[PDB]
Structure formats: C-alpha cells, structure tokens
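Geometric and topological summary
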Amino acid sequence: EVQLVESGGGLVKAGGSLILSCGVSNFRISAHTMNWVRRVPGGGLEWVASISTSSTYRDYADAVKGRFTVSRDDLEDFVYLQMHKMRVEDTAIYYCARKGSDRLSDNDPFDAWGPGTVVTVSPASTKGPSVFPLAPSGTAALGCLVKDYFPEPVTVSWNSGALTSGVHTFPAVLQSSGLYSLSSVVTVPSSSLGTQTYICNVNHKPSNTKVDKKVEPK
Amino acid sequence: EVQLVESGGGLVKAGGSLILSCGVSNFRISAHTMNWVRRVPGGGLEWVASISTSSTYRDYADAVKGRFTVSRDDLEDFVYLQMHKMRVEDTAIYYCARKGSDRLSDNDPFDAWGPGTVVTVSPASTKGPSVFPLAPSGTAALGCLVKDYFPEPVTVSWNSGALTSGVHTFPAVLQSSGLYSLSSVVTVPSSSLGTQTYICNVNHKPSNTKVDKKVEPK
Amino acid sequence: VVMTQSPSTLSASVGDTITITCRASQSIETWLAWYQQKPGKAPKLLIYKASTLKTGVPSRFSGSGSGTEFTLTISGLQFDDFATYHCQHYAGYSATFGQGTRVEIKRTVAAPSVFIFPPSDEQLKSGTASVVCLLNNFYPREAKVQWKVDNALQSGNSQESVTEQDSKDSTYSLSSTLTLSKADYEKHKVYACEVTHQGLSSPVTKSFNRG
Amino acid sequence: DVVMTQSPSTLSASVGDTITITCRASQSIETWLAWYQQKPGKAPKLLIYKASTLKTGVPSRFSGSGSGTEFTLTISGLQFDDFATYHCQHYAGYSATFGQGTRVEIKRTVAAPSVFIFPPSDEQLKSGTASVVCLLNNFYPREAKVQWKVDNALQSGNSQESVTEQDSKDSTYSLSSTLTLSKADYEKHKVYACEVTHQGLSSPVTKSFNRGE
Ligand SMILES: OC[C@H]1O[C@H](O[C@H]2[C@@H](O)[C@H](O)[C@@H](CO)O[C@@H]2O)[C@@H](O)[C@@H](O)[C@@H]1O
Ligand SMILES: OC[C@H]1O[C@H](O)[C@@H](O)[C@@H](O)[C@@H]1O
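Residues numbered from 1 in each chain as written, not as in the entry; some residues may be left out. Chains lettered and ligands numbered in written order. Heavy atoms only, no water.

For this deposition, the record names X-ray crystallography as the technique by which the model was determined and cites 1.747 Å as its resolution.

Looking at the PDB entry, one finds chain C named Fab 2G12 light chain and attributed to Homo sapiens. What the PDB entry is called, per its title line, is "Anti-HIV-1 Fab 2G12 + Man1-2 re-refinement".

Chain A goes by Fab 2G12 heavy chain in the PDB entry, where it is assigned to Homo sapiens.

Some words on the overall build of chain A
Convention followed: Segments assigned H or I by DSSP are reported as helices when at least four residues long, segments assigned E as strands when at least two residues long, and all are numbered from the N terminus. Here the globule rule is a power law, 2.2 Å times the number of residues to the power 0.38, and the radius of gyration is based on C-alpha atoms. Think of it in three bands: with a 1.4 Å probe and only protein chains considered, a residue is buried below 20% of the maximum accessible area for its type, exposed above 50%, and partly exposed in between. Throughout, the Shrake-Rupley method with a 1.4 Å probe supplies accessible areas, and for residues the shown protein chains are the sole cover considered. Note on charges: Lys and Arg go in the positive column, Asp and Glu in the negative column, and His and the chain ends are not counted at all. To locate a charge, take NZ of a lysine, CZ of an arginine, CG of an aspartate or CD of a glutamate.
Within chain A, the regular secondary structure consists of zero helices and 19 strands. Taken against the 2.2 N^0.38 rule, which gives 17 Å for 218 residues, the C-alpha radius of gyration of chain A at 26 Å runs more than 25% over that of a compact globule. The dimensions of chain A, computed from C-alpha atoms along their principal axes, are 90 × 30 × 25 Å. The buried share of chain A, taken over its 218 residues, is 55%. With an accessible surface of roughly 9300 Å², chain A has 49% of that area assigned to carbon and sulfur atoms. Taking the 20 positively charged and 19 negatively charged side chains of chain A as two groups, their mean positions are separated by 10 Å.

Let's talk about the site of ligand 2
Threshold: Any residue with a heavy atom positioned within 4 Å of a molecule or strand is treated as near that molecule or strand. Definition of a polar contact: a pair of N or O atoms within 3.5 Å, with one able to donate and the other able to accept a hydrogen when the atoms are protein atoms, and with sequence-neighbouring residues admitted only if both atoms are side-chain atoms.
Lining the immediate environment of ligand 2, one finds B:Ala31, B:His32, B:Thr33, B:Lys99, B:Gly100, B:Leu104, B:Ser105, B:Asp106, B:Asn107, B:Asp108 and D:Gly93. Those chains with residues close to ligand 2 are chains B and D. A distance of 3.0 Å separates an oxygen atom of ligand 2 from a polar backbone atom of D:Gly93. Considering ligand 2 on its own, with 320 Å² of exposed area, one finds that the protein chains cover 82% of that surface.

Considering the sheet that holds strand 17 (residues 173-182) of chain D
All names here are of chain D. Formally: DSSP calls a pair of strands paired once it identifies at least 2 bridges connecting them. Lines fitted to the C-alpha atoms define the axes, with helices restricted to the stretch that makes contact. Angles between their N-to-C directions range from 0 to 180 degrees.
If you trace the four strands from one edge of the open sheet to the other, you get 12-13-17-16, paired in antiparallel fashion. Each edge of the open sheet carries a strand with a single partner, namely strand 12 (114-118) and strand 16 (159-163). Here the strands of the sheet are splayed against their neighbours by 15° on average, with no regard to which way each runs.

Notes on the interface of chain D and chain B
Stated formally: Residue contacts follow a heavy-atom distance rule, with two residues in contact if any of their heavy atoms lie within 4.5 Å. Buried surface area refers to the total accessible area, computed with a probe of radius 1.4 Å, that the two partners give up upon joining, counted for both partners together. Any carboxyl oxygen of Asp or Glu that lies within 4 Å of a side-chain nitrogen of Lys or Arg is treated as forming a salt bridge with it. Residues were grouped as follows: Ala, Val, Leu, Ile, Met, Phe, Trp, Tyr, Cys and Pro as nonpolar; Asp, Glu, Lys and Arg as charged; and all remaining residues, including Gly, as polar.
The interface is formed by 26 residues belonging to chain D together with 26 residues belonging to chain B. Both faces combined, the contact of chain D with chain B buries some 1900 Å², and carbon together with sulfur accounts for 57% of it. When residues of chain D are sorted by the area they lose upon contact with chain B, D:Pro44, D:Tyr94 and D:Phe98 head the list and together hold 29% of the total. At the surface where chain D touches chain B, the tally comes to zero salt bridges. Where chain D packs against chain B, one counts seven residue pairs in polar contact. It is strand 9 (residues 85-91) of chain D that contributes the most residues to the side of chain D that touches chain B, four residues altogether. The residue inventory of the side of chain D that touches chain B, partitioned by class, reads 13 nonpolar, nine polar and four charged.

A short note on the sheet that holds strand 1 (residues 4-7) of chain D
Strands belonging to one sheet form pairs held by backbone hydrogen bonds; the direction of such a pair is parallel or antiparallel. All names here are of chain D. Read across the sheet, four strands follow the order 1-3-8-7 without closing on themselves; strand pairing throughout is antiparallel. Of all strands in the sheet, those with a lone pairing partner are strand 1 and strand 7 (62-67), marking the two edges. Taken pair by pair, the neighbouring strands of this sheet meet at an average axis angle of 20°, ignoring direction. Sheet analysis places strand 3 (residues 18-25) next to strand 8 (residues 70-76), joined by seven bridges and oriented antiparallel. Bridging across to strand 8, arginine 24 finds its partner in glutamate 70.

Section: the UniProt feature "disulfide bond" in chain C
In plain terms, the rule: By disulfide we mean two sulfur atoms from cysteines, separated by a distance within 2.5 Å. UniProt positions are given in the numbering used here, feature names are shortened, and annotations may be inferred rather than shown by experiment.
Between C:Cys133 and C:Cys193, where UniProt places a disulfide bridge, the two sulfur atoms sit 2.0 Å from each other, close enough for the bridge to exist in this structure. Within this pair, whereas C:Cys133 is found in strand 13 (residues 128-138), its partner C:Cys193 is found in strand 18 (residues 190-197), the two being separated by 60 residues in sequence.

Describing the site of ligand 1
As a matter of local geometry, ligand 1 sits amid A:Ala31, A:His32, A:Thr33, A:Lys99, A:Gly100, A:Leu104, A:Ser105, A:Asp106, A:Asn107, A:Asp108, C:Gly92 and C:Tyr93. A:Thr33 places a polar side-chain atom, nitrogen or oxygen, 2.7 Å from an oxygen atom of ligand 1. A:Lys99 is positioned with one of its backbone polar atoms (N or O) 2.7 Å from an oxygen atom of ligand 1. About the coverage of ligand 1: the protein hides 74% of its 490 Å² of free accessible area. Class assignment for the residues of the shell around ligand 1 results in three nonpolar, six polar and three charged.

A short note on the interface of chain A and chain D
At the junction of the two partners, chain A supplies 21 residues and chain D supplies 22 residues. Carbon and sulfur atoms make up 64% of the area that chain A and chain D hide from each other, which totals about 1800 Å². On the chain A side of the interface with chain D, the three residues burying the most area are A:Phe132, A:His168 and A:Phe170, jointly 30% of the side's total. Across the chain A-chain D interface, the total number found is one salt bridge. Among the salt bridges present, the one from D:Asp122 reaches A:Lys218, with a minimum N-O distance of 4.0 Å. The interface formed by chain A and chain D contains six residue pairs in polar contact. Broken down by secondary-structure element, the contributors of at least two residues to the side of chain A that touches chain D are strand 12 (130-134), strand 13 (139-149), strand 15 (167-169), strand 16 (173-174) and strand 17 (180-189) of chain A. Of all the elements, strand 13 of chain A adds the most residues to the side of chain A that touches chain D, at six residues.

Here's the deal with the UniProt feature "disulfide bond" in chain A
Residue and element names in this part refer to chain A. In this model the sulfur atoms of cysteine 144 and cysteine 200, a pair UniProt annotates as disulfide-bonded, sit 2.0 Å apart, close enough for the bond to be present. Residue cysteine 144 is found in strand 13, and its partner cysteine 200 is found in strand 18 (residues 198-204); the two are separated by 56 residues along the sequence. Note on accessibility: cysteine 144 and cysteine 200 belong to one class, buried.

This is the structure we're talking about:
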C-alpha cells in the first residue's frame, strides 16, 4: 500500500520558524504533484502549498504566501515545507498529500495522505524577564538574576551606567523550558553596603520591558 | 557579499526529529557542494554532511549516518538537513557552508558560512505521568487526572477493568509545556461512596510506568 | 473560488439516506472531490470529478452536480459512516476545501450534568493547581464553558477535551482544565465554571470556595 | 580516516606577539588544509587554504605553511581582534574533518576564583521556584569545576553554567552556576553549598548558606 509520513511538527512561538518533511513508501514521488494540507482546530481542511513535477510550479495559499516554502527531492523522495513568521492561525495538523489517481491525468484529486503532524503556534512572540536580587552576603558581590525571557537579548546596566567597574554580565543560558536566563553581578567595597544604593537597569527591547531593581542586604 | 542563513533550530527531546534549512543570497548553490557543520559545546567544529553537485553523492559523518538526511533544492537555492532519532550529543550550533573559493577549483575550502542555528537535545525521551485524584464532592462523579507525560499514549482502567459502565477517558491535551495531560472520569451511585473502592489504573508503556490511585471523598 | 458546504452538522439515524451539499462561488465544471475523515485520522478520497466513485469505496456513496452546485449522497448510513465529510475543488496546481460537514447520530437534546473538582492537596503541594470542570452526557455537541475566579472571567489559561459520541447513548462529554500556579490559585477565593448548552434554558454554574 | 590534531589547545600570549599554532594530520593530506578564525557566537571565517594561500582581504600578519602531515598557522604581531578560536580543516572531494580548535587568549598570571553563593530571593520563592546562584569571580585560566551539595548530598543534573569572555581590564574569566529547584523541593533541605576547584587553589573552596538564616 502507498504510504506517506510527515516529520517535524511541534510547538512554535509566534514569529518563529519550523520545517516539516514528508517521506514515502511503495511509490516514487517524481511523477506526482505533491501538496501540503492542514486541518485547523475547527475541523475544516485548508490547502497550504503545491509543487509540480520538476518543481516547475510552486503555489501557496494566500494566507501563507511569502512565509512558507515547498521543495521536493525526487531522488530520495522527500517533500519539504518551510514555515516562517508563524502565526497563531497556522496551528493545525499538517498532512502531505499526493495528487494522483489510478490513471494519471492533468488534474487529479489527492489520492494518498500521510497521517498528519501536529503544529502548535503559541500566541506570545516575546516575554519580558522577571528580575530578582542577588543579595550581598573587604569586597562584596551583589547582582541581579534576569530569568525567563524570550527572545534574546537583554541588556543590563548598574546605577544608570554610573557603576561600571567590577561588573560582569554573563551570557544567557537556554533553560529546559525554552526561556532564557542570565545573571549580572558586580563586586563593590563591603563598607559601601550601608550607604550606597545599587540598582540594576534591565532592558528587554523585544518585549518593550524595562525593570529597575534595587539590590540591598536582606 | 555571498550570504547563507540557517532556519529551524530549537529544543528537541532525545529520540525526536528536527529539520533544518539553509537559504542563500548573491550566489547560486547549484555549482557548489553544500555542507552542514556543527560547533559542539566544547568549541570544536564537526563536519556533519555534504551533498555534491547534481546530488551524485550524499556523505555523512559516522556519528549521524542512518539518522540524518541532506537534500538540495537547486532551483530556489535551499539545502535541508533532516535529523532523526536525535541524541544529546547532537546538541550544537549548526551551520550551512558552501565548498568554494575566489576561483572554483577541483578541491576548495568552505569559503562562506551561515551564522548558525542552535539545536538543543534534552536527555529524557519519555516521562511518566503524575496521577491526581478527582474527588467526588443521586449520582456522583469522580476520576483521575493524569498530568505531565510524554509521549502518548496513556491507558486508564478502573478497578482493574471491573468498572467500565459510566467511564469517560478524555483525549489528551498538549499543554503549553510540551507535556500531555488527560482526565478519566466515572459517574457512580452516591450511595456507593462509603463502601465501594474506586481505583484508576494508569499505564504509560513508553516510560514503563504504572500507577494505581485510589479515589475517595475528601 | 470559495466552496461552501452545508450543513455544518448533520444529525441522522442509522440506515438513513442523507445528502451533503457543496456550493462554489463560480463555475468549476466537475472538478470536485469528496473526502471522509475520522477524528485523528487522514482524509480518505471517496469520489472525484463530481461523481466518479474511487475503487473500493462502498456503493452507498454517490455524488452529482456540475457548475456551482454539488451533492454527496449516502444511501443507508452505517455506523462507520459517522464522520466528517469534506468537499474540495481541485485545479492543476492548487485546491480549496469547503468547511466540512460532521455527520453524527441523532438523539434527543440532553443537558450536561456539571461537576467541578478542586485541585488535589498532593498536586497543590507541588506548586500547581489544576481545577477541572466536567460536562457529562450532553447532546448536541456544542457547549460553552467559562471559568470565573472571584467573578473574574478567565481567558487563555484553560484547555478543553471532548469525547466522541458514546456508543450506547450517543451523548458527548467534555472536560475543561484551568491551570494555575499554587501561588496564583491562593490569590482568590471562589472558583466557578459556567456552562451554556442547547439543553439549558439559562447557564448553569458550579463553584467551590478555596479551602 | 584522517584525524587532525591542533597544538596547543589554548595558546596564551600578549598583544604584539608572534605566535604559531600547529596542526597535524594522521596521514598525508598534501596541502589540502585550511585555517579558520571564529569568535564566540559568530560564524567561522576562512583565513588560509591550500596550506599557504591567504584569502583575499585577510590581513598579511596571518600566514600558513606546511605540507604532508605537519602544518602551522603563524600570526605575526597579535592585535586585540585576533584573540579568538582558530580551527584547522582537511577538506577532500566530498567530506572534511577539523582539528579540535585552538583558543588564543591574552596571557596573565594565575588567579584563583573568588567564590560567592546567593540564596533565592523571597519574591522568586513565593512564585514557586528557587534559583540558587554560585559566582566564581575573576579567575585565570578558564578551566574550573563547580559542584552543588544540598544537605551534604552531591547534586547531579540540576544546574547550568555560563562563562564570560576575558575581562577587558584584567583578562580574567568569571563563571556563574545556577541550581534550580521548585519551592517545594527547596524548602525540603537546609544547607546549600557550592564547591569549587581550580589550579590556583590548593584545596577546594566551599561557600554555603542555611535556608532561612
Ligand atoms: O498537477 C497536475 C498533475 O501532475 C502529475 O502528473 C504529471 C505527470 O506525471 C503525468 O504523466 C501527466 C498526465 O497528464 O500530468 C502531469 O504532467 C500528477 O500529480 C497528476 O495526478 C496531476 O493531476
Ligand atoms: O568537491 C569538488 C568541487 O565541487 C564543486 O564544484 C564546488 O563545491 C567546488 O568548490 C569544489 O572544489
């Protein structure tokens, strides 16, 4: 029996990119126009893209034109769908489908379909950080923890840029949650912990978030 | 200047699949062998895969052979890398790189590289569910909440299969965390809440997890 | 070209002869196909060029029409035929679908029995509160659940799941889970789920007070 | 298969120095050898190929030599822009293979890390997550090891680390390690400690705190 199988689905943040692929069993794709179709949550089907034999014609639904790309690999029998700038309404089950019939003509229905791969686009394309103090215990260390933001980057200054000496802002780490986190620290004279106020200025331009956190002994 | 740009990186669970693509600016890929290379966390580069002009040969590193596939689309100038059965040690920055030079010769270096896309493979390929009781506050309703598991499916029975009438086990939902969650409920006579014991048997074959939870009034 | 199917939901009895209609915004000759699709499965081609039955498809399926008006007829519904049906205009390099028709077993209207469950202490000690609302054995399928915390309409923090038609009584059931961190859950007192459904003359609310 | 090995793995030098990086092939590769520069988070850039051909536009202080199994990249007069990783590469008709990379860094004296531990802020803890932070400040060279212990129990798998580039004024490195725990798990134990080793320390350094004190 003819078979198709999609790979590559999953969760995507709005604005992100995801690439799907389709492989086959028991036929060769080269004689067929290949298609992507999606089943939206309301239940209906939406044609997404088509690629003719020899890739002579590539066609897209109006809703994805300029964001999606379809390619074919006739020698190892794969079809690809690049999805860029993804939107909430791209959320759907994506199928690869062969255009064909028992007897090929210039315009055939979709006679063979893969089982589908789920693609889910979350609505937030950005997220501002939470900012927590790293409280100081002759030299003391203090800082700010900038946690759970997306995407990069974040900038950190101290005392609106007046405190630069001794400052280290670390590279962000990608947490297992898919959110970024970084720390910014500074060492200062221990005697100043009583008099001087220390404020870290965290700016996250993607989410248009600014946070000023005062760090003081606990 | 010639340019390349990778798309499609992100977080993947071990055993999962992810597909990358590469598009270009200011040259045509058809005259070039195209390559994928990765920079591992220790800092070194590892050649991953190549595809020759006209796709005469597709070559793979020993570590990825049988799991990765490279394809080329010479008409719209894209290269693809399918990555399947992914392993923690596939975690890296992935670059597309063309074999070429100021003057193409029989054997050239990699003269143009994309900026790279980050691919992160988490070690757990499965995760067993937490099972919480849905406590019964005529006819009463009780159940079990089977939360945070991966991948599908989970099966649920009640009282080792002796209680079937009135049982509804719902389709799982994909949570924003990427973990699945489903609830199984049953309606029963309110009079039986004092004497009859109700146990939901949750089985998660992928993680070889079995849980028997007794549901009783608060 | 825009394709419009009707009805959106068709309720019928086993053995019935039913028709599904598809209308095209402009003439498409006979370039029309019909697919069946079961939940979570792939579409299956039934008929193409308006009336040609795909080999192996049972003879109780048939299609007719040309130009702008097309019909799919199922002559003697069997249990296997309850499913969604899709029409499709297909051209050489593109296609477009109608919105689909869900064919279900007809029964009398049945209002949901509503139950709300607070988070278990165990889960709550881990830092997460799952509050579950259950709509049991209702018909037809359309139901609406709204969560309110201290009379505050929630939005974006719940997920729903619905069963297929029960094999014995042809009803549906629905579970809605409102998820909140232990911290946010302890910020409010009254948790309530509000249900509307064709079988309810006014909305039904089930609630509990935290603690 | 051809294996390429670079020497040294980390090369420490001063601005203006002339330095050499060596690359060795496990079998003869004629002159099919290329050298790349790469800065953190950036793409590799081709410097030299066929062992000694400078890519057009690459500054003349870079040069390469060698054939067979022994190759060298020479940088004659290091500028600040040249502190980076350098990679050698054997490239053949279908595949290529790289050395392990050589990091060229600014040389300074050995400096032991100054270690600091931070408990989670009460604010974060009330949201249900506890991030415990360990700071290793201003050490050199870059290799250091940090381990977390909770109630004297060696932890495993619940921490992430990141390291700065060489400080612009004193050329040291700094490192942060974050141990992440749910509020529930965090309130289950008392003593939180990070333990540090570094060649500049004669014995491990431990910083700890007691939850709530
Ligand atoms: O999308 C049009 C058509 O494309 C594919 O068939 C092509 C070729 O392989 C066939 O031999 C001829 C027959 O007329 O048509 C095309 O050139 C198939 O996908 C076909 O089913 C489809 O209608
Ligand atoms: O692999 C041999 C040869 O293949 C292509 O022509 C290009 O990639 C060249 O740069 C390379 O030298």
